[PDB]
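Notes for the one structure printed next.
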Amino acid sequence: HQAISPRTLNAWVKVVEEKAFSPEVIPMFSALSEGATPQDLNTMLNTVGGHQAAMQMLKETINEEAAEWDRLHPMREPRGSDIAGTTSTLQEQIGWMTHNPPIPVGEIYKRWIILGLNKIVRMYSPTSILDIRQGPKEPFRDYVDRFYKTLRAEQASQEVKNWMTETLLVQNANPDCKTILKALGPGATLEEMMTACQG
Amino acid sequence: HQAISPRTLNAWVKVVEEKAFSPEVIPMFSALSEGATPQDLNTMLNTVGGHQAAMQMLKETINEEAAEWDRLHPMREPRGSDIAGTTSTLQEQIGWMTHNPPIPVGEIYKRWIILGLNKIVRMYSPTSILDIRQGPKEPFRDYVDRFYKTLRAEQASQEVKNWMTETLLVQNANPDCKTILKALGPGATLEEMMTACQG
Amino acid sequence: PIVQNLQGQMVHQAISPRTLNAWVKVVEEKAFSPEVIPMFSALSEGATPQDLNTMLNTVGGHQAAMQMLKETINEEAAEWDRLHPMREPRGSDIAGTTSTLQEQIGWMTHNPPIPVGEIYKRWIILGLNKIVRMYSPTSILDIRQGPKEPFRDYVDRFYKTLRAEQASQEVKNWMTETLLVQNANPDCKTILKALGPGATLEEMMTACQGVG
Amino acid sequence: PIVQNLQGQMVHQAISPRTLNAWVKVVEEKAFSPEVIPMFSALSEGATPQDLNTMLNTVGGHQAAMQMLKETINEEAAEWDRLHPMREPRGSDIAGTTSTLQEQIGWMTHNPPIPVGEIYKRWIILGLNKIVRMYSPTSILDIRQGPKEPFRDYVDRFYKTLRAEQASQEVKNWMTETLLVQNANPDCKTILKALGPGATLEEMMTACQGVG
Amino acid sequence: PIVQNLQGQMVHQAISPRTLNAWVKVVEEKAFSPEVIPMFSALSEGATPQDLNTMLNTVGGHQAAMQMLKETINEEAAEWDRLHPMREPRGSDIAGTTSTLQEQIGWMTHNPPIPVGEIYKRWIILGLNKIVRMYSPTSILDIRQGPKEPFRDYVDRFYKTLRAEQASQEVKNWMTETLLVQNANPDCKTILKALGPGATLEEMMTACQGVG
Numbered sequence: 012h013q014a015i016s017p018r019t020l021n022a023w024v025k026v027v028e029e030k031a032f033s034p035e036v037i038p039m040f041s042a043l044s045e046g047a048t049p050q051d052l053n054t055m056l057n058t059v060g061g062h063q064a065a066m067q068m069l070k071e072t073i074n075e076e077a078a079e080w081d082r083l084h085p096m097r098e099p100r101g102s103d104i105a106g107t108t109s110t111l112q113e114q115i116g117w118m119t120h121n122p123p124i125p126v127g128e129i130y131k132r133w134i135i136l137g138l139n140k141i142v143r144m145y146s147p148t149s150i151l152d153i154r155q156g157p158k159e160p161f162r163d164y165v166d167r168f169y170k171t172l173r174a175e176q177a178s179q180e181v182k183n184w185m186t187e188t189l190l191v192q193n194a195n196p197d198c199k200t201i202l203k204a205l206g207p208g209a210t211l212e213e214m215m216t217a218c219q220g
Numbered sequence: 012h013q014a015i016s017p018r019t020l021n022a023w024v025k026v027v028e029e030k031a032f033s034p035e036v037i038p039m040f041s042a043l044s045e046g047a048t049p050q051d052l053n054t055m056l057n058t059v060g061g062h063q064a065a066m067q068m069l070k071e072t073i074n075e076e077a078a079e080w081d082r083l084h085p096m097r098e099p100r101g102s103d104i105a106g107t108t109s110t111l112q113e114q115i116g117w118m119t120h121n122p123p124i125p126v127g128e129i130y131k132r133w134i135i136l137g138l139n140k141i142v143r144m145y146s147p148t149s150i151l152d153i154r155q156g157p158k159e160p161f162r163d164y165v166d167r168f169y170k171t172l173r174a175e176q177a178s179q180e181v182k183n184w185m186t187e188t189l190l191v192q193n194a195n196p197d198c199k200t201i202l203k204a205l206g207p208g209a210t211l212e213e214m215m216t217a218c219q220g
Numbered sequence: 001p002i003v004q005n006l007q008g009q010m011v012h013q014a015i016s017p018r019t020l021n022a023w024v025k026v027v028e029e030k031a032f033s034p035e036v037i038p039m040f041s042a043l044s045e046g047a048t049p050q051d052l053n054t055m056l057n058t059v060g061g062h063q064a065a066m067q068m069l070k071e072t073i074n075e076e077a078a079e080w081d082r083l084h085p096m097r098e099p100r101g102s103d104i105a106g107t108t109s110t111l112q113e114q115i116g117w118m119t120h121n122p123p124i125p126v127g128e129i130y131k132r133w134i135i136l137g138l139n140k141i142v143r144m145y146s147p148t149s150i151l152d153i154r155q156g157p158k159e160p161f162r163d164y165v166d167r168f169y170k171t172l173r174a175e176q177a178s179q180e181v182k183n184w185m186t187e188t189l190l191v192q193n194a195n196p197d198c199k200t201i202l203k204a205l206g207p208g209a210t211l212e213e214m215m216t217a218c219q220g221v222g
Numbered sequence: 001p002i003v004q005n006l007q008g009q010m011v012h013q014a015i016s017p018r019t020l021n022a023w024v025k026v027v028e029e030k031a032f033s034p035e036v037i038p039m040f041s042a043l044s045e046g047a048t049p050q051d052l053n054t055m056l057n058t059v060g061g062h063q064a065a066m067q068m069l070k071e072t073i074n075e076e077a078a079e080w081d082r083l084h085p096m097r098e099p100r101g102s103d104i105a106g107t108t109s110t111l112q113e114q115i116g117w118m119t120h121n122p123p124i125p126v127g128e129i130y131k132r133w134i135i136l137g138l139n140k141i142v143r144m145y146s147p148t149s150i151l152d153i154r155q156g157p158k159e160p161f162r163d164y165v166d167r168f169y170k171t172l173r174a175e176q177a178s179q180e181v182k183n184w185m186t187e188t189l190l191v192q193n194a195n196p197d198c199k200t201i202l203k204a205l206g207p208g209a210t211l212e213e214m215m216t217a218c219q220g221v222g
Numbered sequence: 001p002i003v004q005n006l007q008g009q010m011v012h013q014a015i016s017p018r019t020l021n022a023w024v025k026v027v028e029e030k031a032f033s034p035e036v037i038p039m040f041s042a043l044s045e046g047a048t049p050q051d052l053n054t055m056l057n058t059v060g061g062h063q064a065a066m067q068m069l070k071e072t073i074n075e076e077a078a079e080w081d082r083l084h085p096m097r098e099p100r101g102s103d104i105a106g107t108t109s110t111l112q113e114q115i116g117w118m119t120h121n122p123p124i125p126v127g128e129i130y131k132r133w134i135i136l137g138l139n140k141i142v143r144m145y146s147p148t149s150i151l152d153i154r155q156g157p158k159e160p161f162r163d164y165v166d167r168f169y170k171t172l173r174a175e176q177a178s179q180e181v182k183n184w185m186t187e188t189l190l191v192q193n194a195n196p197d198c199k200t201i202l203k204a205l206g207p208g209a210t211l212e213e214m215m216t217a218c219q220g221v222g
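Chains as they are written, first to last, in the deposited numbering: chain A, 12 to 85, 96 to 220; chain D, 12 to 85, 96 to 220; chain C, 1 to 85, 96 to 222; chain C', 1 to 85, 96 to 222; chain C'', 1 to 85, 96 to 222. A prime marks a further copy of an entry chain.
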């Protein structure tokens, strides 16, 4: 066991401040927090500047997951608060991690944090994808890039997302690209759509 | 034992000069000062640039905590001044930390510095949590961000902060959103609250 | 009332003068508000029919109220005689006009007890409920929250008028559920309807705190 | 209550009619202010569960308050039965609905005593605290000193609202320390902040005498 | 209190519920005016330390007042222990927190009597005097006769504020002699100074009848 290096905290702060809570911060958090105890995760989340409403969402989600863990699971065994790093201590956490088999309180807490971060990203989505419409001059590549960005941020289910990509993307296109998309018709990959909709 | 590298001091200087004394400075100080002697802590505190009023406040708080330690407590026994590093050597500080059992003079000094930094953070936070109020035209997201930043800088007990989160957020909202928040009622989560108050 | 002798023989204990004075103050000063029935029940605890008649003698100053109290007592006595044809206490004898004190003490001390005092008390309370219903300054449909009135004061007025109204229990439940919301001012009524149906009085009160 | 016989055998002493009338006056006139709980404690000193039920029968006029008083009593009885599985007094029997008088007298006279009356009194006081919390006209955050209001009157209003609020003890301490100063008018608030943190209520009152 | 048995053995007589209710009404309604100390003395006549503690339990609703009442009681108990080093009643045992009832009855019934109840009553009255001093709306120097105020009303306000002030006796004498005249309005003040020094309150009142 080694204490969290400063450079990881600097990287976490930098990515959070530069990317906001965009969908790409989840993998960055997951990679930075590799092998991190609940104390380290708490320090990482405390270093975040701004976005304190989002941090409140995250800790509310952690509370919900801790309550669910306590409901499902009625040395000392770890409870939801212990896994969250509130009532437990560093020695207990690292002991649980080093037990054979390991009791990875860090990984479970990281899963809870990832769920809360996904909720944060969905809430921080600037606009609903129903309002993402191609302008009368915007290129199809730019419009569709924005569309799939909003779709990734919205985190809709796969079955719904298939319908959205199939129909809504075509329906929201501007009249010229709209006509070319009808001419292409269904069953066409996005490769065909964008290579045919050029200019 | 190893003397602190210049990278740690450069990181401390960078975070202080960039973020000022925001609540996120506390975890950064805690992470940077891991396993640090009082001499290392004094060097880290000396490397700071401006905010000399804040540094004087930290000195005063450390003096108060040293007086309290001397009152509590009637190789050589470490006193408050010895903990502060004014009347102690690096060798004596390596002592009491390599001692069997150890009395971690470094951790106590870090705790006093953390108390002083909490006081400085509250001083640098301009407005009181009771005074944080939603503007008539302000978005609820911005208002909640300001509210939770101020609350994190508020420096009160945890139960008190829980009560503040429960009550003051609804109490201080503008009349346009306060009626919606009352209709939601107690028990509504923050995600529900800021989805409802999106308009 | 009735108390035990040193030898255990139950004997009369007349209602004290200041208890009667308290009853007189209730009758004269309260103007037959709903609270006179709780106060009549309190001041006449374990009272014999003779004690109840002594209490009614002070109500006797009010001619109309006394006359309909007497008429309701007579109706209830007739109903008791119809349904219930020392000796068995006759319905007229429950009122104490005919019976003597020792018969009443014997009936209340019987094994099992014959609570004649409680029965006459219930008849008197029925008559007082009628009188209270008459003297209500306004009907429940007329209670309305003002623009400035706090929801607590309006709720108190509404529930006092509901006590005076004395409708059926299901009707009262509907009234508290719907008419309470209907008569609130628009500022409170918005939150009242936002809470939706089924809200208890506690939620309704807490949500409307300081809205006025 | 319970009193000694001439031979030392403990016997019932029913709550007097005027004590019940005082309780009825408290319930009807005070509109469930915080002071009803001290007054309920005073008027029901050394009272058996039967006496407490007699007192609650007068509260019964208020439908909502009685219903949640009953629900809180039931919850506390269930908790007592869970934690505590003549005979041992069952939690439902502490309420007196099932038990008879002699069992209650025996339990309160036991060596060591089984204060069933005090337990039922505590449950009733919990329910009355809930009712008092509901009926508060304003929240503690809404109490504000006016430009003319003396600091004494404002402090009295603040502390009465604090009693109605019934937050945690640490929360109450923070409230009295900080929110009391925050809500004072600027003329007093200047002196309040000049005194600095840690000032007791005595210093705060003396320094702000006649400032308005 | 304490009463004689039929056989002459002194036994406890608990403070009645309505006396406690009267004390609660005094505490809640009067807002700690000077009159609470006479009323506390009246309602606690011949009271044991247990009875005094029962009375203080109702004051306990007011957090600050209870806390400084307790602190003054502790200070007086410490002073008693310092000056006074069954057994001899310890100063902490005068408060009744440690002692039991029979010890208190024995001490109050001793030959010569050990008035422990009166001593604890004096300590409580000292604490209540402190609380009364705090809650005074204005200082004695701020009491002033208005242009229309009769001299009788102004004198009553002045003397009530003097009771709340609780300065030294010589200081109080000087205040009544000089400050009472100084604060009167010019119409009355002319006659007040014309009477000259040494005028008793009777002459001062009679001469200023109807002057306003």
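For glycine and all other residues, C-beta sits at the position ideal for the given N, C-alpha and C.
Whether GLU212/D touches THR58/A by CB criterion (8 Å): no
Between the CA atoms of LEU83/A and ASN74/A - distance to the nearest angstrom: In a straight line, the C-alpha of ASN74/A is about 14 Å away from that of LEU83/A.
Beta carbon of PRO38/C' nearer than 8 Å to that of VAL24/C'': yes
C-beta contact flag for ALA77/C'' and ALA65/C'' at 8 Å: no
Contact set between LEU205/D and chain C', taken where Cβ atoms lie within less than 9 Å: Result: empty, since nearest Cβ-Cβ is about 17 Å, beyond 9 Å.
Contact check, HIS62/D vs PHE40/D, beta carbons under 8 Å: no
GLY222/C beta carbon less than 8 Å from that of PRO160/C: yes
Reference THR54/C''; option with closest CA among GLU79/C'', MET96/C'', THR19/C'': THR19/C''
Cβ neighbours of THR107/C'' in the same chain (closer than 8 Å, five flanking residues each side left out): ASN53
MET10/C' in three-state terms, based on DSSP: Under the three-state reduction of DSSP, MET10/C' is assigned to strand.
Cβ shell of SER102/A (< 7 Å), same chain only, five flanking positions each side left out: Result list for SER102/A: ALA77, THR108, in chain order.
Whole-angstrom distance between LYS182/A and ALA177/C, CA atom to CA atom: Distance from the CA atom of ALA177/C to the CA atom of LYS182/A, rounded to whole angstroms, is 58 Å.
Distance between beta carbons of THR48/C and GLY127/C, contact taken as under 8 Å: Contact holds; Cβ gap of about 5 Å.
Host beta strand (DSSP E) of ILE2/C' (start-end): From DSSP, the beta strand (DSSP E) with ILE2/C' extends over 2 to 4.
Backbone secondary structure at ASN139/A - three-state DSSP: helix
Which listed residue (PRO196/C, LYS70/C, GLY116/C, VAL165/C) has its alpha carbon closest to that of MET185/C: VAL165/C
Proximity test, Cβ basis, 8 Å: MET144/C' and chain C: yes
Whole-angstrom C-beta distance between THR148/D and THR171/D, which should lie under 8 Å: 6 Å
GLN155/C' classed as buried or exposed, judged by whether at least 16 other C-beta atoms fall within 10 angstroms: buried
Under 7 Å (Cβ pairs) to chain C, residues found in the segment 26 to 45 of chain C': Listed in sequence order: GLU28, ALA31.
Beta carbon proximity, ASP166/C' to chain C'', threshold 8 Å: Closer than 8 Å: yes.
Pairwise C-alpha distance: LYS131/D and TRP117/D: 15 Å
Length at least 4, wholly inside the segment 17 to 77 of chain C: the alpha helix (DSSP H) runs in chain order: DSSP runs (the alpha helix (DSSP H)) wholly in the segment 17 to 77 of chain C: 17 to 30, 36 to 43, 49 to 59.
Interface residues of chain D facing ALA217/C [CB-CB closer than 8 Å]: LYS203, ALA204, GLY206
Best match in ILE15/C', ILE201/C', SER146/C', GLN67/C' for proximity to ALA42/C' [C-alpha to C-alpha]: Closest by alpha carbon: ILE15/C'.
Contacts of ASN21/C'' in chain C' (Cβ-Cβ under 7 Å): Residues of chain C' passing the Cβ test: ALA22, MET39, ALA42, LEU43.
Beta-carbon proximity of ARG167/C' to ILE153/C', cut-off 8 Å: Taking a C-beta distance under 8 Å as the contact criterion, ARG167/C' and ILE153/C' qualify as a contact pair.
Residue from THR216/D, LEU69/D, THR110/D with nearest C-alpha to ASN139/D: Nearest of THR216/D, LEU69/D, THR110/D to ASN139/D, Cα basis: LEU69/D.
Within-8 Å CB hit, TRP184/C' to chain D: yes
Buried or exposed (CB count within 10 angstroms, at least 16 for buried), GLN192/C: exposed
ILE129/C versus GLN50/C - alpha carbon distance: Going by the C-alpha atoms only, they are around 13 Å apart.
Whole-angstrom distance between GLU45/C' and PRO17/C, CA atom to CA atom: In a straight line, the C-alpha of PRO17/C is about 25 Å away from that of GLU45/C'.
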